[PDB]
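See structure below.
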Amino acid sequence: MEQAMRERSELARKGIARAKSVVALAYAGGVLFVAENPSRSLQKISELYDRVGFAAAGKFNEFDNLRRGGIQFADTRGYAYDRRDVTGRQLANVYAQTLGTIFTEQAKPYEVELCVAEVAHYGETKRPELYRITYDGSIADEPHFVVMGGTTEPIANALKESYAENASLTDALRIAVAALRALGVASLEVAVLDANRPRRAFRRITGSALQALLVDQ
Amino acid sequence: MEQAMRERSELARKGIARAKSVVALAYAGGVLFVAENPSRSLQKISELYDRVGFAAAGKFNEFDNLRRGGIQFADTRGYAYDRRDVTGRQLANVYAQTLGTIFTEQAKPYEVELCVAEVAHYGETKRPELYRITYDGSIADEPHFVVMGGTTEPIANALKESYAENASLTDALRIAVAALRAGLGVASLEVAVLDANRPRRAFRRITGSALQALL
Amino acid sequence: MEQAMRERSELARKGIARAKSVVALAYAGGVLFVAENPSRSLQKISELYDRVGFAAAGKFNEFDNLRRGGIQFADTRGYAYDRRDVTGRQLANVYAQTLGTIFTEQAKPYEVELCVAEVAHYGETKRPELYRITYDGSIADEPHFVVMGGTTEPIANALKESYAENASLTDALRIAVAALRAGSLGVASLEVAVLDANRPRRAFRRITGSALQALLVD
Amino acid sequence: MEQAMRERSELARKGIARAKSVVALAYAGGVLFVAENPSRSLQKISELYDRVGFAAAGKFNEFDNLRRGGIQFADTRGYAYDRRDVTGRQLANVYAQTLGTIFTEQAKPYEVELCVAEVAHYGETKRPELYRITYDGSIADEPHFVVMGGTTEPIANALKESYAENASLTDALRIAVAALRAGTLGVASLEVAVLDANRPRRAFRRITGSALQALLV
Amino acid sequence: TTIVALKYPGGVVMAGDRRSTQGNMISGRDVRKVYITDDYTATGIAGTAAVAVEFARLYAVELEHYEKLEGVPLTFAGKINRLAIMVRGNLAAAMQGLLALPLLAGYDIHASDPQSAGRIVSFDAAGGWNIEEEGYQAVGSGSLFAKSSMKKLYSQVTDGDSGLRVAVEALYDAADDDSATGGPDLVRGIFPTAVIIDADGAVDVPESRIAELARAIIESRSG
Amino acid sequence: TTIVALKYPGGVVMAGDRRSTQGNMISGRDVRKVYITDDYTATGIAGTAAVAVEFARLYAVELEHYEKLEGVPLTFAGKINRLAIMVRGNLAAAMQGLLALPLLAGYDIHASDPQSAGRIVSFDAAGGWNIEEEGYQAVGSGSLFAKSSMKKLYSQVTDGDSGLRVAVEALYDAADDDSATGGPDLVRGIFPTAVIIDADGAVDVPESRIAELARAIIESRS
Amino acid sequence: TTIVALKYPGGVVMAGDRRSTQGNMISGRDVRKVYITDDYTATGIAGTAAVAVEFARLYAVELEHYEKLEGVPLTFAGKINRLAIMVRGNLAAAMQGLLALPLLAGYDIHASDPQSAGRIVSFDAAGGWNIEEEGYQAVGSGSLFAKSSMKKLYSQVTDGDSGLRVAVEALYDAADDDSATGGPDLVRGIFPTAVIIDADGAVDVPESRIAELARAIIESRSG
Amino acid sequence: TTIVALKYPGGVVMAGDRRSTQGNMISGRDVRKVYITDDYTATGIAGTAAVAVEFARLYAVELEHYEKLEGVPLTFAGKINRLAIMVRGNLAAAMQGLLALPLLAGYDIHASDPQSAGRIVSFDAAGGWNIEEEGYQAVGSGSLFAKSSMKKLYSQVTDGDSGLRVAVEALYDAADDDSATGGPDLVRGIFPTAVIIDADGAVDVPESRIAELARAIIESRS
Ligand SMILES: CCN(CC)C(=O)C[C@H](NC(=O)/C=C/c1ccccc1)C(=O)N[C@@H](Cc1ccc(F)cc1)C(=O)NCc1cccc2ccccc12
Ligand SMILES: CCN(CC)C(=O)C[C@H](NC(=O)/C=C/c1ccccc1)C(=O)N[C@@H](Cc1ccc(F)cc1)C(=O)NCc1cccc2ccccc12
Ligand SMILES: CCN(CC)C(=O)C[C@H](NC(=O)/C=C/c1ccccc1)C(=O)N[C@@H](Cc1ccc(F)cc1)C(=O)NCc1cccc2ccccc12
Ligand SMILES: CCN(CC)C(=O)C[C@H](NC(=O)/C=C/c1ccccc1)C(=O)N[C@@H](Cc1ccc(F)cc1)C(=O)NCc1cccc2ccccc12
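Chains as they are written, first to last, in the entry's author numbering: chain Q, 9 to 190, 203 to 237; chain R, 9 to 191, 203 to 234; chain S, 9 to 192, 203 to 236; chain T, 9 to 191, 202 to 235; chain a, 1 to 223; chain Z, 1 to 222; chain Y, 1 to 223; chain X, 1 to 222.
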């Protein structure tokens with residue numbers, strides 16, 4: 009019992025420590041997701057629902073299963089009730105429940121760390137919410153940023169000094185990448213929850229546009 | 009087995025010992041729940057039914073499963089019979105049963121401690137009830153206050169020395185926050212009451228300006 | 009295999025030893041149940057059927073499950089057949105069966121000890137029956153009194169020395185409270211109920227509050 | 009495997025030895041069952057079918073489950089075919105199969121020993137039959153008497169030195185009570211019943227109270 | 001078919017005719033319709049023969065099954081309930097033509113008054129039952145003739161044999177007015193069967209006593 | 001069949017007839033259609049006999065079952081709900097002829113006003129129920145004759161005794177105009193059954209008192 | 001039955017009659033058909049009594065269930081969807097005569113303009129719903145009489161009290177032309193029920209006010 | 001009901017009337033039968049309202065569900081197939097009266113010729129579909145009047161706005177000959193709804209522009 013649990017906890021923790029890092033932070037226009045990812049088509053940041061986004065660190069097949077499950081959960085709820093009833097807090101809760109169950113009852117724990125983020129609906133003034141769910145179902149509410157994967161304390165502290173509320177998109181983007189080094205379009209995955217989009221807030225920033233945003237003043 | 013149950017028990021006890029503390033105490037207007045909770049949106053205190061409230065300490069995902077299971081139970085029983093028929097003793101009993109099953113049969117025991125509280129129906133004269141259910145399904149009926157989570161012994165002694173029945177809302181919250189200290204502004208507390216003076220649904224949160232107004 | 013049952017037996021034996029004690033004894037008007045119980049509202053004594061009552065010691069959630077199953081069994085049998093065909097012997101027999109399978113097959117054995125008691129039907133002259141069922145399903149038929157939970161030997165010896173079958177409710181209640189004291203106390207800490215053979219249909223009745231106080235002192 | 013089987017065997021044996029003793033013996037009128045049984049209302053001896061009786065030693069809940077399974081088996085077979093087709097050796101054979109399965113596959117083996125006995129039909133001349141089924145499903149065909157439970161060797165030998173075929177009911181009872189004593203016993207400590215070959219259909223009959231003591235002096 | 005049952009001081013009597021038909025054709029002359037189902041009860045059944053005999057047999061098995069499993073016989077209310085449940089259980093098949101209704105006669109050993117311990121219970125195709133508190137009842141295609149006869153003869157019932165005689169006379173009247181009920185056949189020597197139940201249990205009436213009573217009735221109706 | 005129930009100051013009364021029919025044939029004279037199902041509730045049922053008695057028996061069991069499980073009886077609203085759920089569960093069988101409709105009468109120990117704590121609830125074949133606020137109700141083939149009689153007699157109900165007589169007279173009228181409802185049989189000595197329920201519980205009204213009331217009504221009409 | 005609902009500046013009103021019928025026979029006079037199902041919503045149902053009350057009860061429980069589970073109430077659209085799914089789930093039974101149609105009236109706390117925050121949703125037997133943008137709607141056997149009366153009276157609706165009066169008058173007309181709709185009973189003192197819902201929530205209208213509006217209508221039509 | 005769809009150089013347009021009936025009675029005047037189901041797709045449905053709205057809602061969810069799961073939207077053929085599968089799934093209920101048929105209009109972002117990327121698909125009650133190669137199509141109880149009108153007007157369709165006019169005029173004709181299709185209501189200010197889809201996606205046509213087109217048609221016929 010006790011040793012099974014500490015052996016599971018250390019397998020998962022070491023797995024996450026060997027993975028590439030992800031940061032999500034709130035800025036003036038919503039929430040920004042920045043991930044270290046050389047891949048071209050295998051993504052670690054995804055849309056969940058109209059104003060709700062997902063980012064993950066760790067083993068790909070595992071957090072992709074969690075991503076699909078979250079999309080299924082959200083679309084199922086919005087269909088059953090209404091779209092406006094699906095919230096970031098709900099999905100963070102389901103992920104906490106799911107990861108607790110996985111962590112205690114499956115053959116191997118999932119080596120993943122998740123971030124669920126929500127921005128306001130169009131024309132509404134509601135501060136973004138960031139949620140961090142860890143491999144054991146522990147859930148945390150955060151107001152400025154979330155750091156996941158790899159060596160967290162360098163990146164988290166780099167952001168602790170460099171973070172300022174309501175930063176512009178370009179400023180937040182370079183604050184984030186700076187903290188990550190503590203890197204270009206072929207090596208980063210970037211996306212945003214843009215609170216000023218009318219319906220679907222999720223937008224990737226890719227290729228020519230991303231380098232543009234990286235370099236611009 | 010003996011040591012299988014002994015380490016299941018120790019895993020639970022040390023989990024709860026590491027968690028933030030929750031207090032529920034009876035006062036003149038009903039029952040007051042005060043919990044250490046840094047979160048903005050994750051709740052440790054909840055309505056279960058008209059005159060029945062819930063508070064919990066421990067691992068969030070686990071006591072949230074228990075919270076929802078109790079709401080499912082209560083709503084189903086009220087639908088099947090009548091709203092009046094749902095009681096606090098009932099939910100407390102179901103939590104004893106459920107946590108007992110969980111404690112023996114689940115892969116890992118729940119690192120949780122529960123409080124179920126009931127106040128009178130509007131205009132009725134009945135002393136409040138507080139029930140405390142621990143990780144193995146042990147259940148105790150308490151007359152004045154319940155402490156859950158963290159280092160409970162200090163908080164319990166502080167309440168044993170400062171608690172007086174029929175206190176006012178502000179006096180009760182004062183005392184509750186004090187005992188919790190023995191182990203805290205708006206941004207770190209979740210507060211709610213089961214308000215016996217409310218006509219149907221007693222559960223009410225005290226948040227923000229209204230909350231700090233009372234400290 | 010042998011060791012597993014040895015450990016289940018010791019877990020259950022220690023569980024029951026840590027628990028508060030309960031007494032059931034026959035008296036002139038039926039059977040008396042007295043339990044050490046701080047709780048206002050959580051019950052160690054219960055009605056099972058018209059003339060059949062229940063008492064238990066140990067872990068509450070477990071003996072409450074057994075209590076609900078006994079109520080379910082009796083009500084089903086009375087419905088299928090007739091109310092008369094439900095006996096205390098039957099319920100005790102089902103508890104022996106049920107605790108046996110629990111003791112061997114469940115994840116953890118139940119830390120409980122049970123007593124099922126029966127009185128005569130109204131206008132019948134039949135002496136009460138008391139049955140003790142333990143954590144492994146062992147069942148015993150006892151003629152005068154049953155003690156369960158905690159340190160049973162002091163309480164049992166007090167009962168051997170002081171017991172009278174034809175006592176009044178007041179005398180039996182105080183004999184019982186005395187014996188319970190002997191193994192370690204009034205209204206706020208006791209749960210009391212009787213199977214009253216003089217009641218025409220449902221024999222179970224609790225004694226609470228002022229009435230109980232009147233029976234403990236004078 | 010040898011670990012498991014040896015442990016199951018001795019758990020069962022020790023269980024049976026700590027239990028009170030039962031004797032069944034053939035006598036002039038059928039089969040006599042005499043059991044050490046303090047209880048007023050709990051039984052170790054039972055009717056199974058018209059001419060078939062049951063006795064057991066060991067844990068009450070276990071041999072009671074088996075008793076009920078036997079009543080069920082007999083009543084079903086007689087219903088499916090005819091009452092006359094249900095026999096003592098059939099019930100014994102099903103008890104062997106059942107205790108064998110229990111002994112190897114149940115969580116804990118049953119600590120029981122059983123005796124199934126049959127007498128002639130009314131007006132028929134047939135030898136009584138006694139079968140002894142032990143905790144592992146071993147089955148034994150015995151001609152005069154069967155001893156089960158507790159320290160069986162004193163009692164068996166007393167019967168050997170005292171048993172005579174077709175003894176009278178009074179005599180057979182004395183021999184049985186004596187052999188039980190060898191391994202102080204009056205009506206309040208005994209459960210007695212007979213398979214009475216002289217009864218026209220249901221041969222099982224208990225002997226209690228005044229009648230049993232009258233037999234006892 | 002006609003089955004009669006009546007209460008007398010100290011017991012109950014139940015008797016039934018012996019005819020079996022397929023439409024208008026007589027397919028049986030020695031059939032038996034009144035069964036001793038336990039030491040203190042008899043059941044007589046009318047309807048489809050297959051169902052009737054299955055009812056009697058399975059009911060008797062159920063009463064003894066309970067007695068051996070629990071060490072004591074069912075209370076009479078319990079016996080009544082189990083028969084009612086069995087009858088209801090056959091409701092679908094009865095709706096497709098396998099219909100059978102029983103008449104229960106018993107002696108309740110637990111009754112206060114031994115002279116009134118006889119019980120007579122009737123059933124409908126859904127399991128509804130009535131404990132007949134006016135002393136007699138009948139079932140089958142001749143039931144109303146037998147009932148109306150017993151209405152006029154019941155004041156004569158004072159002991160077991162007067163009750164048996166009235167019962168046989170009621171089956172006689174039913175046979176007189178119902179072609180599906182067979183009367184005494186004095187050429188073949190076939191008579192109704194009867195069971196009588198008192199404190200000493202349920203016993204079959206010997207054929208000779210019913211023959212004597214039958215011939216007395218015949219001789220009385222011829223002059 | 002006719003079952004009547006009415007409220008009187010401090011309690012409720014329920015009475016029912018004794019007749020059982022199979023078509024035109026009278027198949028029973030002493031039948032009982034009104035059962036005490038709980039210490040404070042009585043139920044009377046009209047319809048198919050097997051179904052009717054199954055309803056009373058299982059309902060009484062369900063109430064007592066809940067009581068022993070939870071240590072407290074169901075609220076009266078909960079009692080209504082379980083009777084409704086039972087009636088509804090039988091709807092499929094009722095549509096092919098196993099129809100039975102109950103009438104529930106109780107005394108609500110939790111009502112604020114002890115004098116108006118009597119309760120009368122009627123049911124339909126689908127489980128719909130109505131708490132009768134007009135003081136009386138009836139079920140069965142003669143129920144409309146009995147309701148129309150109580151409509152005229154109800155102003156005479158001042159205590160348990162006047163209520164009982166009004167109930168018996170309403171059953172007398174129902175038996176007078178409906179051949180499936182049996183009137184008092186003075187030849188055999190069989191009379192309607194009645195239950196009365198007040199703060200001290202539900203008790204069977206003794207036969208002799210109903211016999212007096214019946215003979216008084218009969219004579220009152222001659 | 002007739003249930004009416006209408007919007008007024010700042011809120012919504014719903015009212016229903018009190019009659020219950022079995023064919024032509026009146027089986028109820030005090031029936032309730034309009035329930036507060038949520039702090040800001042009321043539903044009134046027409047149809048089979050058992051199903052109508054089942055809908056009201058289960059619907060209110062479903063709303064409170066979600067609110068307690070997730071810490072916030074459903075959006076009005078979500079409330080609509082769940083009532084619709086429940087109605088659609090009854091379709092099979094409704095085709096066999098257990099039919100009930102609801103009418104939903106609510107106040108949307110999240111609407112942009114509080115003066116237009118009233119909502120009226122009508123439903124059909126399959127779950128189809130319409131949010132009524134012309135201010136009033138009715139359901140039940142008197143719905144067309146009540147609707148056509150509100151067509152002429154709706155322009156007099158300027159606040160809650162005028163809205164309530166138009167509601168009660170439309171029910172009066174439905175009762176005038178539909179025998180399954182009950183009018184005000186001035187002998188017994190039983191009047192239609194109404195719920196009024198504004199930003200401060202949903203409240204039951206006291207019988208007294210409905211009595212006064214009824215007497216005013218009656219006097220307006222007598223002279 | 002009438003829904004019309006037609007292709008124009010560079011896109012497609014779809015419009016629907018606003019009437020809802022129960023038999024002969026008008027039960028709704030502002031009903032919405034044309035939905036943007038996807039950035040490049042609109043569905044209009046005729047039939048039972050409940051089934052129609054469920055079709056639209058669930059279809060849109062299914063498309064975006066696929067898009068979020070797989071990172072890319074369905075090909076137009078895939079959209080067609082999922083709609084067809086949904087309709088076919090409703091066949092059992094449709095045979096019992098819950099019948100609804102959709103009309104799909106989209107813009108295929110992957111078509112080779114942006115000027116021919118307009119797509120119109122009709123469906124039958126069993127899920128069979130047809131990609132309409134002749135540029136226009138209609139569904140509902142006025143569909144034949146609208147189709148026969150567009151047959152004569154289609155040669156005037158040269159851009160999105162002329163297509164919009166022709167669409168509104170075809171709905172006008174359908175309303176003229178079918179009592180279940182509602183025309184323009186100039187008293188209440190209620191007009192057909194329209195969606196237009198080109199390379200930039202699907203947008204709702206503003207009410208005012210449909211109003212002007214409706215009034216021009218009306219005055220032109222007086
Ligand atoms: C004993 C078997 N046998 C062969 C010689 C018979 O003829 C009996 C006869 N079977 C049949 O008539 C066959 C009917 C049938 C069954 C299934 C499907 C289709 C049709 C019968 O039941 N007769 C009934 C009357 C009847 C007739 C038709 C019908 F559909 C239903 C009932 C009866 O006499 N019944 C009297 C009766 C009562 C108790 C025990 C008995 C035992 C044996 C024979 C008769 C008994
Ligand atoms: C008690 C049993 N019994 C003696 C054999 C009867 O005769 C009762 C009679 N059964 C029948 O008429 C047969 C029912 C049936 C018919 C076809 C297929 C399946 C079942 C009855 O219910 N009568 C009803 C009226 C009725 C009749 C036919 C029908 F389809 C529906 C209703 C009645 O009087 N009912 C009154 C009544 C009410 C409450 C408790 C009672 C208890 C016992 C007897 C009567 C009671
Ligand atoms: C409250 C129950 N009750 C007590 C005896 C009644 O009489 C009500 C009446 N039952 C019946 O008409 C019997 C229904 C039924 C019949 C056969 C099989 C299955 C079901 C009714 O529903 N009436 C309907 C109209 C109706 C009737 C028959 C039918 F098939 C379809 C519709 C009504 O008034 N409905 C109005 C109504 C609306 C909302 C809440 C209410 C609450 C209580 C009473 C009435 C309410
Ligand atoms: C929006 C709900 N509502 C308010 C109460 C209605 O009145 C709608 C109307 N329901 C009905 O006519 C009821 C059908 C039914 C009957 C018995 C059992 C089950 C179902 C309808 O669908 N009408 C159809 C035509 C019709 C009628 C009966 C039938 F069987 C089949 C088709 C229509 O106009 N349909 C047009 C239409 C198309 C797209 C979206 C819409 C949205 C809302 C309203 C209408 C819409």
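Backbone N, C-alpha and C fix where the C-beta goes; we use that ideal spot for every residue, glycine too.
The alpha helix (DSSP H) enclosing residue i, as first and last residue numbers
i: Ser208(Y); result: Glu207 to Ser222
Residue range of the unbroken beta strand (DSSP E) whose run includes residue i
i: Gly140(X); result: Run containing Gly140(X): none; DSSP gives neither H nor E here.
i: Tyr8(Z); result: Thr2 to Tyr8
i: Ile120(Z); result: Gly118 to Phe123
i: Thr21(a); result: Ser20 to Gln22
i: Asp39(Z); result: Looking at the DSSP string, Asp39(Z) is not in any beta strand (DSSP E), and its letter there is neither H nor E.
Nearest residue (CA-CA) to residue i, options the options
i: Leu138(Q); options: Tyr35(Q), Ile24(Q) and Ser29(Q); result: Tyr35(Q)
i: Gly145(S); options: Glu161(S), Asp214(S), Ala63(S) and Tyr103(S); result: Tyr103(S)
Residues that DSSP places opposite residue i in a beta bridge
i: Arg223(T); result: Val212(T)
i: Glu121(S); result: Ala65(S)
Where residue i falls, given that 16 or more other Cβ within 10 Å makes a residue buried
i: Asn24(a); result: exposed
i: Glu169(T); result: exposed
i: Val30(Q); result: buried
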